[PDB]
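Peer 1: File follows, target.csv with CSV, C-alpha atoms and all ligand atoms:
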```
chain,number,residue,atom,x,y,z
P,1,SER,CA,-0.9,6.5,17.7
P,2,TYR,CA,-0.1,6.4,14.0
P,3,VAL,CA,2.3,3.4,14.2
P,4,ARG,CA,0.4,0.6,12.6
P,5,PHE,CA,2.9,-2.2,12.7
P,6,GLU,CA,6.3,-3.0,14.3
P,7,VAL,CA,9.3,-2.9,12.1
P,8,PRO,CA,12.3,-5.0,13.2
P,9,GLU,CA,15.2,-2.7,14.0
P,10,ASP,CA,17.6,-4.4,11.5
P,11,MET,CA,15.1,-3.6,8.6
P,12,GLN,CA,14.8,0.0,9.8
P,13,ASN,CA,18.6,0.3,9.7
P,14,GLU,CA,18.7,-1.5,6.3
P,15,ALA,CA,16.0,0.9,5.0
P,16,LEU,CA,17.8,4.0,6.3
P,17,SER,CA,21.1,2.9,4.7
P,18,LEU,CA,19.4,2.4,1.4
P,19,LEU,CA,17.8,5.8,1.6
P,20,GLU,CA,21.2,7.4,2.1
P,21,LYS,CA,22.4,5.5,-1.0
P,22,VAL,CA,19.4,6.4,-3.2
P,23,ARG,CA,20.2,10.1,-2.9
P,24,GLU,CA,23.2,10.2,-5.2
P,25,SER,CA,21.7,7.8,-7.8
P,26,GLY,CA,18.0,8.6,-7.6
P,27,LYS,CA,15.4,11.0,-6.3
P,28,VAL,CA,14.0,11.5,-2.8
P,29,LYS,CA,11.1,13.8,-1.8
P,30,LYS,CA,11.7,15.2,1.7
P,31,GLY,CA,9.0,16.3,4.1
P,32,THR,CA,5.4,15.5,4.7
P,33,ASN,CA,3.7,17.7,2.1
P,34,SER,CA,5.9,16.4,-0.7
P,35,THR,CA,5.7,12.8,0.5
P,36,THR,CA,1.9,13.1,0.5
P,37,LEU,CA,1.9,14.5,-3.0
P,38,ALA,CA,4.2,11.7,-4.2
P,39,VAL,CA,1.9,9.1,-2.7
P,40,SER,CA,-1.2,10.8,-4.2
P,41,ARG,CA,0.5,10.8,-7.6
P,42,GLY,CA,1.5,7.2,-7.4
P,43,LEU,CA,5.2,8.1,-7.8
P,44,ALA,CA,6.3,7.0,-4.3
P,45,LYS,CA,8.1,3.7,-4.4
P,46,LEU,CA,8.8,3.6,-0.6
P,47,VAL,CA,7.7,6.0,2.1
P,48,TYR,CA,9.6,6.6,5.4
P,49,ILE,CA,7.8,7.9,8.5
P,50,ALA,CA,9.6,8.7,11.8
P,51,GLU,CA,7.9,7.4,15.0
P,52,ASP,CA,8.8,10.5,17.0
P,53,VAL,CA,7.4,13.3,14.9
P,54,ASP,CA,6.3,16.5,16.7
P,55,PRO,CA,3.3,16.9,16.5
P,56,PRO,CA,2.3,13.3,15.6
P,57,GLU,CA,-0.8,14.6,14.0
P,58,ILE,CA,1.2,16.0,11.0
P,59,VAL,CA,1.9,12.4,9.7
P,60,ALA,CA,-1.2,10.7,11.0
P,61,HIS,CA,-2.8,10.7,7.5
P,62,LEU,CA,0.2,9.1,5.8
P,63,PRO,CA,0.0,5.4,6.7
P,64,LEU,CA,-3.7,5.4,5.8
P,65,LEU,CA,-3.0,7.2,2.5
P,66,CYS,CA,-0.2,4.8,1.7
P,67,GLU,CA,-2.4,1.8,2.3
P,68,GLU,CA,-5.1,3.3,0.1
P,69,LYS,CA,-2.6,3.9,-2.8
P,70,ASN,CA,-0.8,0.6,-2.3
P,71,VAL,CA,2.4,2.4,-1.6
P,72,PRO,CA,4.9,0.6,0.7
P,73,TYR,CA,5.9,2.5,3.8
P,74,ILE,CA,8.2,1.8,6.8
P,75,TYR,CA,8.5,3.4,10.2
P,76,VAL,CA,11.9,4.4,11.5
P,77,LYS,CA,12.3,5.2,15.2
P,78,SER,CA,14.2,8.5,15.0
P,79,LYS,CA,13.4,11.6,12.9
P,80,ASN,CA,17.0,12.6,13.6
P,81,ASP,CA,18.2,9.5,11.8
P,82,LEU,CA,15.7,10.1,9.0
P,83,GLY,CA,17.0,13.6,8.4
P,84,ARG,CA,20.6,12.4,8.3
P,85,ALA,CA,19.6,9.7,5.8
P,86,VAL,CA,18.1,12.4,3.5
P,87,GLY,CA,21.3,14.3,3.8
P,88,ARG,CA,20.4,17.0,6.4
P,89,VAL,CA,21.7,18.0,9.9
P,90,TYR,CA,18.2,18.6,11.2
P,91,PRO,CA,15.3,16.1,11.6
P,92,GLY,CA,13.0,14.8,9.0
P,93,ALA,CA,9.4,13.6,9.7
P,94,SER,CA,8.8,11.7,6.4
P,95,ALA,CA,10.3,11.1,3.0
P,96,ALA,CA,9.6,9.2,-0.2
P,97,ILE,CA,11.9,7.5,-2.6
P,98,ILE,CA,10.7,8.5,-6.1
P,99,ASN,CA,13.5,7.1,-8.3
P,100,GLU,CA,15.8,4.4,-7.0
P,101,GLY,CA,18.5,5.1,-9.6
P,102,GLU,CA,20.9,2.2,-9.7
P,103,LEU,CA,19.4,0.5,-6.6
P,104,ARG,CA,16.4,-1.1,-8.3
P,105,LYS,CA,17.1,-4.6,-7.1
P,106,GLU,CA,18.1,-3.6,-3.5
P,107,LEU,CA,14.9,-1.5,-3.2
P,108,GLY,CA,12.9,-4.4,-4.6
P,109,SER,CA,14.2,-6.8,-2.0
P,110,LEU,CA,13.5,-4.3,0.8
P,111,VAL,CA,10.0,-3.7,-0.4
P,112,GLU,CA,9.4,-7.4,-0.6
P,113,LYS,CA,10.7,-7.7,3.0
P,114,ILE,CA,8.4,-5.0,4.2
P,115,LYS,CA,5.5,-6.6,2.5
P,116,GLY,CA,6.2,-9.9,4.3
P,117,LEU,CA,6.0,-8.2,7.7
P,118,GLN,CA,3.0,-9.1,9.9
P,119,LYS,CA,0.5,-6.2,9.8
G,1,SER,CA,-5.2,32.4,-5.9
G,2,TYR,CA,-7.8,30.9,-3.6
G,3,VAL,CA,-7.6,33.1,-0.5
G,4,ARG,CA,-9.0,30.3,1.6
G,5,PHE,CA,-9.1,32.2,4.9
G,6,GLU,CA,-11.1,35.1,3.5
G,7,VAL,CA,-14.1,33.2,2.3
G,8,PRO,CA,-17.2,35.3,3.0
G,9,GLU,CA,-19.0,34.5,6.2
G,10,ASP,CA,-22.4,34.1,4.4
G,11,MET,CA,-20.8,31.5,2.1
G,12,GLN,CA,-19.4,29.6,5.1
G,13,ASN,CA,-22.8,29.7,6.7
G,14,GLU,CA,-24.6,28.7,3.5
G,15,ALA,CA,-22.2,25.8,3.4
G,16,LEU,CA,-22.8,24.7,7.0
G,17,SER,CA,-26.6,24.9,6.5
G,18,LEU,CA,-26.3,22.7,3.4
G,19,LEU,CA,-24.1,20.2,5.3
G,20,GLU,CA,-26.7,19.9,8.1
G,21,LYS,CA,-29.5,19.4,5.6
G,22,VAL,CA,-27.6,16.9,3.4
G,23,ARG,CA,-27.1,14.5,6.4
G,24,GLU,CA,-30.9,13.8,6.0
G,25,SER,CA,-31.2,13.0,2.3
G,26,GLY,CA,-27.6,12.4,1.1
G,27,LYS,CA,-24.3,11.0,2.2
G,28,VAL,CA,-21.6,12.7,4.3
G,29,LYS,CA,-18.2,11.8,5.8
G,30,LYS,CA,-17.9,13.1,9.3
G,31,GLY,CA,-14.2,12.6,10.2
G,32,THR,CA,-10.8,13.5,8.8
G,33,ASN,CA,-9.7,9.9,7.9
G,34,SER,CA,-12.9,9.2,6.0
G,35,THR,CA,-12.9,12.7,4.4
G,36,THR,CA,-9.3,12.0,3.3
G,37,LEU,CA,-10.2,8.7,1.7
G,38,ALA,CA,-13.2,10.3,-0.1
G,39,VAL,CA,-10.9,13.0,-1.5
G,40,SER,CA,-8.3,10.4,-2.6
G,41,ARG,CA,-11.1,8.4,-4.3
G,42,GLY,CA,-12.5,11.5,-6.1
G,43,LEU,CA,-15.8,11.0,-4.3
G,44,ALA,CA,-15.9,14.2,-2.2
G,45,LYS,CA,-18.1,16.8,-3.8
G,46,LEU,CA,-17.2,19.4,-1.2
G,47,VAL,CA,-14.8,19.3,1.8
G,48,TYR,CA,-15.2,21.3,5.0
G,49,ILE,CA,-12.3,22.2,7.3
G,50,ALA,CA,-12.5,24.0,10.6
G,51,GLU,CA,-10.1,26.9,11.0
G,52,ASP,CA,-9.7,26.4,14.8
G,53,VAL,CA,-9.0,22.7,15.0
G,54,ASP,CA,-6.4,21.8,17.6
G,55,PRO,CA,-3.8,21.0,16.3
G,56,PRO,CA,-4.1,22.5,12.9
G,57,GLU,CA,-1.6,19.8,11.7
G,58,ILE,CA,-4.3,17.1,11.8
G,59,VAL,CA,-6.0,18.6,8.7
G,60,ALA,CA,-3.0,20.3,7.0
G,61,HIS,CA,-2.9,17.7,4.3
G,62,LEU,CA,-6.5,18.4,3.2
G,63,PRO,CA,-6.0,21.6,1.2
G,64,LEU,CA,-3.0,20.0,-0.4
G,65,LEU,CA,-5.0,16.9,-1.5
G,66,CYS,CA,-8.1,18.8,-2.5
G,67,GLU,CA,-6.2,21.1,-4.9
G,68,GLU,CA,-4.3,18.1,-6.2
G,69,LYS,CA,-7.6,16.2,-6.9
G,70,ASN,CA,-9.7,19.3,-8.0
G,71,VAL,CA,-12.0,18.9,-5.0
G,72,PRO,CA,-13.8,22.1,-3.8
G,73,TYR,CA,-13.1,22.9,-0.2
G,74,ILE,CA,-14.1,25.6,2.3
G,75,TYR,CA,-12.7,26.6,5.7
G,76,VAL,CA,-15.3,27.5,8.3
G,77,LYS,CA,-14.5,29.7,11.2
G,78,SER,CA,-15.6,27.3,14.0
G,79,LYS,CA,-15.1,23.6,14.7
G,80,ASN,CA,-18.2,23.8,17.0
G,81,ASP,CA,-20.3,25.0,14.0
G,82,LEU,CA,-18.9,22.2,11.9
G,83,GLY,CA,-19.6,19.6,14.6
G,84,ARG,CA,-23.1,20.8,15.0
G,85,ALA,CA,-23.7,20.6,11.2
G,86,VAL,CA,-22.6,17.0,11.1
G,87,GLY,CA,-24.3,16.0,14.3
G,88,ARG,CA,-21.2,15.4,16.4
G,89,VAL,CA,-21.2,15.8,20.1
G,90,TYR,CA,-17.5,16.8,19.9
G,91,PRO,CA,-15.9,19.5,17.7
G,92,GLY,CA,-15.4,18.5,14.0
G,93,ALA,CA,-12.1,18.9,12.2
G,94,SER,CA,-13.3,18.1,8.7
G,95,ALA,CA,-16.1,16.6,6.7
G,96,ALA,CA,-17.2,16.0,3.1
G,97,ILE,CA,-20.4,15.8,1.1
G,98,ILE,CA,-20.4,12.6,-1.0
G,99,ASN,CA,-24.0,12.8,-2.2
G,100,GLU,CA,-26.3,15.8,-1.8
G,101,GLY,CA,-29.5,13.8,-2.2
G,102,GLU,CA,-32.3,16.2,-2.9
G,103,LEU,CA,-30.2,19.3,-2.4
G,104,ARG,CA,-28.9,19.4,-6.0
G,105,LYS,CA,-29.8,23.1,-6.3
G,106,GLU,CA,-28.0,24.1,-3.1
G,107,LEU,CA,-24.9,22.0,-3.6
G,108,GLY,CA,-24.6,23.1,-7.2
G,109,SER,CA,-24.9,26.8,-6.5
G,110,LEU,CA,-22.6,26.7,-3.5
G,111,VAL,CA,-19.8,24.8,-5.4
G,112,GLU,CA,-20.0,27.3,-8.2
G,113,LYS,CA,-19.7,30.2,-5.8
G,114,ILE,CA,-16.6,28.5,-4.2
G,115,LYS,CA,-15.0,28.0,-7.6
G,116,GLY,CA,-15.7,31.7,-8.3
G,117,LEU,CA,-13.2,32.5,-5.5
G,118,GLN,CA,-10.4,31.0,-7.5
G,119,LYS,CA,-8.1,32.0,-10.4
Z,201,NA,NA,19.4,-5.1,15.2
Z,202,NA,NA,10.4,17.4,7.5
Z,203,NA,NA,5.7,14.0,-6.8
Z,204,NA,NA,-15.2,7.2,0.2
Z,205,NA,NA,-4.8,10.8,-3.0
```
Here is the file; what I need is its structure written in the form of structure tokens.

Peer 2:
Amino acid sequence: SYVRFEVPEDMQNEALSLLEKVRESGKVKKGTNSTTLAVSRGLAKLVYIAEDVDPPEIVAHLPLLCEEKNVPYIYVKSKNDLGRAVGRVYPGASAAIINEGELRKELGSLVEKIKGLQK
Amino acid sequence: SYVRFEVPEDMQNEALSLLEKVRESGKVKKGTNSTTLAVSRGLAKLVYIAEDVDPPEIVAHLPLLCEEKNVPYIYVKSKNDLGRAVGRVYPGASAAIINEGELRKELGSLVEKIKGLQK
């Protein structure tokens, strides 16, 4: 009940692949508290939220805060996928790219693509 | 520093009395989403959180954001007390005072007492 728009599956997978790549080059915040702080501080360039978080209430504030702070965010179906993308063998509920490192143009294009999605 | 779950009962109850009175002459936010926006916007003068909300995860971001934005907040023992204070038929999770109207005295003294619990 926190999923506010449908993300095509190819963009989810494109977003998760970029997140894996940003780790070596840039900076990612992992977990809901750190993601929230990054959004609040205006440092979040792109926020990831898994659609199967347990309990869903822990991320319910995040889409609304991202919209308030004009921070792009994207849903991914699987918290297990999100955890692997941030480099972990356990699930991840949410994450934020803070510094894209050398992937500025790729992040740019993905953000534009997310912005174009019907909401 | 702020031992938020040991706030004196009399302070909690002074706070609940103020919130119920402020509904009449001032402005309050009666839900978690609206409270969160008020905090993000720097408009919350005082945030209330019930200690027995189910699940606690629905308000877990509030202490984080309040400390981030220098917003006073206070946990109250009972979501039923909080809901009565804001006039809700169903238990409250959180609320905020935006404008205390004619209760300048009472908001000002309470906020100073809550700040006295810190550092
Ligand atoms: Na596909
Ligand atoms: Na996590
Ligand atoms: Na940050
Ligand atoms: Na507001
Ligand atoms: Na904020």

Peer 1: Kindly indicate which residue among P:11, P:28, P:65, P:19 lies nearest to chain G, using all atoms listed in the file for the distances.

Peer 2: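 Ranking P:11, P:28, P:65, P:19 by distance to chain G, first place goes to P:65.
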
Peer 1: If we count only C-alpha atoms and set the cut-off at 7 Å, which residues sit around segment 91-107 of chain G, ignoring sequence neighbours fewer than 2 positions away in its own chain? Please answer as a ChimeraX atom specification.

Peer 2: /G:18,22,25-32,35,43-50,53,79-80,82-83,88-89,109-111

Peer 1: Using all atoms listed in the file, find each residue in chain P having at least one atom no more than 10 Å away from ligand NA 201 (chain Z); report its shortest atom-to-atom pair and that distance in Å (one decimal), rows by chain then rising number, as a Markdown table.

Peer 2:
```
| residue | atom | partner | partner_atom | distance |
| --- | --- | --- | --- | --- |
| P:8 | CA | Z:NA201 | NA | 7.4 |
| P:9 | CA | Z:NA201 | NA | 5.0 |
| P:10 | CA | Z:NA201 | NA | 4.2 |
| P:11 | CA | Z:NA201 | NA | 8.0 |
| P:12 | CA | Z:NA201 | NA | 8.7 |
| P:13 | CA | Z:NA201 | NA | 7.7 |
| P:14 | CA | Z:NA201 | NA | 9.6 |
```

Peer 1: Please identify all polymer residues within 6 Å of segment 54-61 of chain P, counting all atoms listed in the file, omitting same-chain residues fewer than 2 positions from it, and present them as a PDB file with C-alpha atoms, keeping the file's coordinate frame.

Peer 2:
```pdb
ATOM      1  CA  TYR P   2      -0.100   6.400  14.000  1.00  0.00           C
ATOM      2  CA  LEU P  64      -3.700   5.400   5.800  1.00  0.00           C
TER       3      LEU P  64
ATOM      4  CA  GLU G  57      -1.600  19.800  11.700  1.00  0.00           C
ATOM      5  CA  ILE G  58      -4.300  17.100  11.800  1.00  0.00           C
TER       6      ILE G  58
END
```

Peer 1: Chain G superposed on chain P over all ordered C-alpha pairs, least squares: can you write that as a CSV table (one decimal) with C-alpha atoms, in the coordinates of the input?

Peer 2:
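The resulting out37.csv:
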```csv
chain,number,residue,atom,x,y,z
G,1,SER,CA,-2.6,-6.0,10.6
G,2,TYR,CA,0.5,-4.0,9.9
G,3,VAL,CA,1.9,-3.4,13.4
G,4,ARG,CA,3.7,-0.3,12.2
G,5,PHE,CA,5.4,0.5,15.5
G,6,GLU,CA,7.0,-2.9,15.9
G,7,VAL,CA,9.0,-3.0,12.7
G,8,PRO,CA,12.3,-4.7,13.4
G,9,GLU,CA,15.2,-2.3,14.0
G,10,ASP,CA,17.4,-4.0,11.4
G,11,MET,CA,14.7,-3.4,8.8
G,12,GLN,CA,14.4,0.3,9.8
G,13,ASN,CA,18.2,0.6,9.5
G,14,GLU,CA,18.3,-1.3,6.2
G,15,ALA,CA,15.7,1.2,5.1
G,16,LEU,CA,17.6,4.3,6.2
G,17,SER,CA,20.9,3.0,4.6
G,18,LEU,CA,19.0,2.5,1.3
G,19,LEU,CA,17.5,6.1,1.6
G,20,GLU,CA,21.0,7.6,2.1
G,21,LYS,CA,22.4,5.7,-0.9
G,22,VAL,CA,19.4,6.4,-3.2
G,23,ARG,CA,19.9,10.2,-2.9
G,24,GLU,CA,23.1,9.6,-5.1
G,25,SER,CA,21.6,7.6,-8.0
G,26,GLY,CA,17.8,8.0,-7.7
G,27,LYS,CA,15.2,10.4,-6.8
G,28,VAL,CA,13.9,11.2,-3.3
G,29,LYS,CA,11.3,13.6,-1.7
G,30,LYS,CA,12.7,15.1,1.5
G,31,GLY,CA,9.7,16.9,3.1
G,32,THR,CA,6.2,16.0,4.2
G,33,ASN,CA,4.3,18.2,1.6
G,34,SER,CA,6.3,16.7,-1.3
G,35,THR,CA,6.1,13.2,0.2
G,36,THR,CA,2.3,13.7,0.4
G,37,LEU,CA,2.0,14.8,-3.2
G,38,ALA,CA,4.1,11.8,-4.4
G,39,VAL,CA,1.8,9.4,-2.4
G,40,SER,CA,-1.3,11.1,-3.9
G,41,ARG,CA,0.2,10.7,-7.4
G,42,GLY,CA,1.1,7.0,-6.9
G,43,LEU,CA,4.8,7.9,-7.4
G,44,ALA,CA,6.2,7.0,-4.0
G,45,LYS,CA,7.8,3.6,-4.0
G,46,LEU,CA,8.5,3.7,-0.2
G,47,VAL,CA,7.6,6.3,2.4
G,48,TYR,CA,9.5,7.0,5.6
G,49,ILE,CA,8.0,8.5,8.7
G,50,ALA,CA,9.8,9.4,11.9
G,51,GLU,CA,8.2,8.2,15.1
G,52,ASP,CA,9.4,11.2,17.2
G,53,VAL,CA,8.4,14.1,15.0
G,54,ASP,CA,7.1,17.0,17.0
G,55,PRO,CA,4.1,17.3,16.7
G,56,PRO,CA,3.1,13.9,15.5
G,57,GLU,CA,0.0,15.5,13.9
G,58,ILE,CA,2.1,16.9,11.0
G,59,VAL,CA,2.5,13.4,9.5
G,60,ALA,CA,-0.7,11.7,10.8
G,61,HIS,CA,-2.3,11.7,7.4
G,62,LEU,CA,0.6,9.7,5.9
G,63,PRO,CA,-0.3,6.2,7.1
G,64,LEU,CA,-3.9,6.9,6.2
G,65,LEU,CA,-2.9,7.9,2.6
G,66,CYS,CA,-0.3,5.2,2.1
G,67,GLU,CA,-2.8,2.4,3.0
G,68,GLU,CA,-5.4,4.1,0.8
G,69,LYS,CA,-3.0,4.2,-2.2
G,70,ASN,CA,-1.2,0.8,-1.5
G,71,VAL,CA,2.1,2.6,-0.9
G,72,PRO,CA,4.7,0.8,1.4
G,73,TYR,CA,5.7,2.8,4.4
G,74,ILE,CA,8.0,2.4,7.4
G,75,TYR,CA,8.3,4.3,10.7
G,76,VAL,CA,11.8,4.8,11.9
G,77,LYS,CA,12.6,5.4,15.5
G,78,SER,CA,14.5,8.7,15.1
G,79,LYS,CA,13.9,11.9,13.1
G,80,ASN,CA,17.6,12.7,13.4
G,81,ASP,CA,18.4,9.4,11.7
G,82,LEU,CA,15.9,10.2,9.0
G,83,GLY,CA,17.3,13.7,8.5
G,84,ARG,CA,20.8,12.4,8.3
G,85,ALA,CA,19.7,9.8,5.6
G,86,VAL,CA,18.2,12.6,3.4
G,87,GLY,CA,20.9,15.1,4.0
G,88,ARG,CA,19.0,17.6,6.1
G,89,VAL,CA,20.6,19.8,8.6
G,90,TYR,CA,17.3,19.7,10.6
G,91,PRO,CA,15.3,16.7,11.8
G,92,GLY,CA,13.2,15.0,9.0
G,93,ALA,CA,9.5,14.2,9.5
G,94,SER,CA,9.0,12.2,6.4
G,95,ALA,CA,10.4,11.3,3.0
G,96,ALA,CA,9.8,9.0,0.0
G,97,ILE,CA,11.8,7.1,-2.6
G,98,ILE,CA,10.5,8.0,-6.1
G,99,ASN,CA,13.3,6.3,-8.1
G,100,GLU,CA,15.9,3.9,-6.6
G,101,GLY,CA,18.3,4.4,-9.5
G,102,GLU,CA,20.8,1.6,-9.3
G,103,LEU,CA,19.6,0.2,-6.1
G,104,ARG,CA,16.9,-2.0,-7.7
G,105,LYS,CA,18.1,-5.0,-5.6
G,106,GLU,CA,17.9,-3.2,-2.3
G,107,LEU,CA,14.7,-1.4,-2.9
G,108,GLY,CA,13.0,-4.5,-4.2
G,109,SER,CA,14.1,-6.7,-1.3
G,110,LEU,CA,13.3,-4.1,1.3
G,111,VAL,CA,9.7,-3.5,0.0
G,112,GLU,CA,9.0,-7.2,-0.1
G,113,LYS,CA,10.2,-7.5,3.5
G,114,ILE,CA,7.8,-4.6,4.5
G,115,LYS,CA,4.9,-6.2,2.7
G,116,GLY,CA,5.7,-9.4,4.6
G,117,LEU,CA,4.8,-7.6,7.8
G,118,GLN,CA,1.2,-7.2,6.6
G,119,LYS,CA,-2.0,-9.4,6.5
```

Peer 1: Please give me, as a PyMOL selection string, the residues lying within 7 Å of ligand NA 204 (chain Z) when counting all atoms listed in the file.

Peer 2: chain G and resi 34+37-38+41+43

Peer 1: Quick one: everything within 8 Å of residue 69 of chain P, counting all atoms listed in the file, minus sequence neighbours fewer than 4 positions away in the same chain. Send it as a PyMOL selection string.

Peer 2: chain P and resi 39-40+42+65

Peer 1: Here is a test: counting only C-alpha atoms and all ligand atoms, which residue of P:71, P:15, P:86, P:76 is nearest to ligand NA 202 (chain Z)?

Peer 2: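 Of the candidates, the smallest distance to ligand NA 202 (chain Z) is held by P:86.
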
Peer 1: Can you tell me how far atom CA of residue 73 of chain P sits from atom CA of residue 114 of chain P, in Å to one decimal?

Peer 2: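 Value for the atom CA of residue 73 of chain P-atom CA of residue 114 of chain P distance: 7.9 Å.
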
Peer 1: Of the candidates G:7, G:17, G:63, G:117, which one gets nearest to residue 81 of chain G if we count all atoms listed in the file?

Peer 2: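 Among G:7, G:17, G:63, G:117, it is G:17 that comes nearest to residue 81 of chain G.
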
Peer 1: Using all atoms listed in the file, can you tell me which of G:118, G:36, G:78, G:1 comes closest to ligand NA 205 (chain Z)?

Peer 2: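 Smallest separation from ligand NA 205 (chain Z) among the options: G:36.
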
Peer 1: Need the axis-aligned box for segment 14-17 of chain G with 3 Å each side, so what are the centre and edges in Å to one decimal, as lines of an AutoDock Vina configuration file?

Peer 2:
```
center_x = -24.4
center_y = 26.7
center_z = 5.2
size_x = 10.4
size_y = 10.0
size_z = 9.6
```

Peer 1: Using atom CA of residue 67 of chain G and atom CA of residue 74 of chain P as the two end points, give the distance in Å to one decimal.

Peer 2: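 Between atom CA of residue 67 of chain G and atom CA of residue 74 of chain P the gap is 26.8 Å.
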
Peer 1: Which residue gives the smallest distance to chain P among G:51, G:3, G:16, G:68, with all atoms listed in the file counted?

Peer 2: G:68

Peer 1: Measuring between all atoms listed in the file, which one of P:5, P:66, P:52, P:20 shows the shortest distance to ligand NA 205 (chain Z)?

Peer 2: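 When distances to ligand NA 205 (chain Z) are compared using all atoms listed in the file, the smallest one comes from P:66.
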
Peer 1: What is the atom CA of residue 24 of chain G-atom CA of residue 62 of chain G distance in Å, reported with one decimal?

Peer 2: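 Between atom CA of residue 24 of chain G and atom CA of residue 62 of chain G the gap works out to 25.0 Å.
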
Peer 1: Could N, CA, C and O atoms be built for segment 5-20 of chain G and written out as a PDB file, keeping the file's coordinate frame?

Peer 2:
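File produced: rebuild24.pdb:
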```pdb
ATOM      1  N   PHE G   5      -8.687  31.713   3.612  1.00  0.00           N
ATOM      2  CA  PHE G   5      -9.100  32.200   4.900  1.00  0.00           C
ATOM      3  C   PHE G   5      -9.868  33.466   4.890  1.00  0.00           C
ATOM      4  O   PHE G   5     -10.106  34.077   5.935  1.00  0.00           O
ATOM      5  N   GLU G   6     -10.265  33.902   3.697  1.00  0.00           N
ATOM      6  CA  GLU G   6     -11.100  35.100   3.500  1.00  0.00           C
ATOM      7  C   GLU G   6     -12.408  34.761   2.860  1.00  0.00           C
ATOM      8  O   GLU G   6     -13.052  35.651   2.304  1.00  0.00           O
ATOM      9  N   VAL G   7     -12.805  33.495   2.870  1.00  0.00           N
ATOM     10  CA  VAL G   7     -14.100  33.200   2.300  1.00  0.00           C
ATOM     11  C   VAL G   7     -15.198  33.936   2.997  1.00  0.00           C
ATOM     12  O   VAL G   7     -15.174  34.028   4.243  1.00  0.00           O
ATOM     13  N   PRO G   8     -16.154  34.537   2.288  1.00  0.00           N
ATOM     14  CA  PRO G   8     -17.200  35.300   3.000  1.00  0.00           C
ATOM     15  C   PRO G   8     -17.952  34.487   3.997  1.00  0.00           C
ATOM     16  O   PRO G   8     -18.235  33.308   3.784  1.00  0.00           O
ATOM     17  N   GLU G   9     -18.294  35.130   5.114  1.00  0.00           N
ATOM     18  CA  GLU G   9     -19.000  34.500   6.200  1.00  0.00           C
ATOM     19  C   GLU G   9     -20.329  33.861   5.669  1.00  0.00           C
ATOM     20  O   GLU G   9     -20.676  32.713   5.981  1.00  0.00           O
ATOM     21  N   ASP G  10     -21.082  34.634   4.876  1.00  0.00           N
ATOM     22  CA  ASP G  10     -22.400  34.100   4.400  1.00  0.00           C
ATOM     23  C   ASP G  10     -22.170  32.854   3.557  1.00  0.00           C
ATOM     24  O   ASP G  10     -23.038  31.968   3.570  1.00  0.00           O
ATOM     25  N   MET G  11     -21.054  32.743   2.832  1.00  0.00           N
ATOM     26  CA  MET G  11     -20.800  31.500   2.100  1.00  0.00           C
ATOM     27  C   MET G  11     -20.466  30.352   3.017  1.00  0.00           C
ATOM     28  O   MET G  11     -20.939  29.227   2.805  1.00  0.00           O
ATOM     29  N   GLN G  12     -19.612  30.589   4.018  1.00  0.00           N
ATOM     30  CA  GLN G  12     -19.400  29.600   5.100  1.00  0.00           C
ATOM     31  C   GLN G  12     -20.682  29.135   5.700  1.00  0.00           C
ATOM     32  O   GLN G  12     -20.874  27.944   5.961  1.00  0.00           O
ATOM     33  N   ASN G  13     -21.578  30.071   5.984  1.00  0.00           N
ATOM     34  CA  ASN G  13     -22.800  29.700   6.700  1.00  0.00           C
ATOM     35  C   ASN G  13     -23.790  29.003   5.813  1.00  0.00           C
ATOM     36  O   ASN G  13     -24.484  28.074   6.247  1.00  0.00           O
ATOM     37  N   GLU G  14     -23.879  29.440   4.552  1.00  0.00           N
ATOM     38  CA  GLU G  14     -24.600  28.700   3.500  1.00  0.00           C
ATOM     39  C   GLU G  14     -24.102  27.254   3.456  1.00  0.00           C
ATOM     40  O   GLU G  14     -24.884  26.291   3.417  1.00  0.00           O
ATOM     41  N   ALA G  15     -22.778  27.097   3.474  1.00  0.00           N
ATOM     42  CA  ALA G  15     -22.200  25.800   3.400  1.00  0.00           C
ATOM     43  C   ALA G  15     -22.531  24.913   4.621  1.00  0.00           C
ATOM     44  O   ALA G  15     -22.844  23.721   4.485  1.00  0.00           O
ATOM     45  N   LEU G  16     -22.468  25.495   5.823  1.00  0.00           N
ATOM     46  CA  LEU G  16     -22.800  24.700   7.000  1.00  0.00           C
ATOM     47  C   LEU G  16     -24.307  24.375   7.036  1.00  0.00           C
ATOM     48  O   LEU G  16     -24.671  23.279   7.472  1.00  0.00           O
ATOM     49  N   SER G  17     -25.171  25.279   6.575  1.00  0.00           N
ATOM     50  CA  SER G  17     -26.600  24.900   6.500  1.00  0.00           C
ATOM     51  C   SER G  17     -26.794  23.769   5.504  1.00  0.00           C
ATOM     52  O   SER G  17     -27.528  22.820   5.810  1.00  0.00           O
ATOM     53  N   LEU G  18     -26.140  23.806   4.344  1.00  0.00           N
ATOM     54  CA  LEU G  18     -26.300  22.700   3.400  1.00  0.00           C
ATOM     55  C   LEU G  18     -25.811  21.389   4.017  1.00  0.00           C
ATOM     56  O   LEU G  18     -26.491  20.367   3.897  1.00  0.00           O
ATOM     57  N   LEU G  19     -24.652  21.397   4.681  1.00  0.00           N
ATOM     58  CA  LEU G  19     -24.100  20.200   5.300  1.00  0.00           C
ATOM     59  C   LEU G  19     -25.096  19.559   6.262  1.00  0.00           C
ATOM     60  O   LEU G  19     -25.311  18.334   6.276  1.00  0.00           O
ATOM     61  N   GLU G  20     -25.715  20.400   7.097  1.00  0.00           N
ATOM     62  CA  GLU G  20     -26.700  19.900   8.100  1.00  0.00           C
ATOM     63  C   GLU G  20     -27.889  19.295   7.423  1.00  0.00           C
ATOM     64  O   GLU G  20     -28.427  18.284   7.882  1.00  0.00           O
TER      65      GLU G  20
END
```
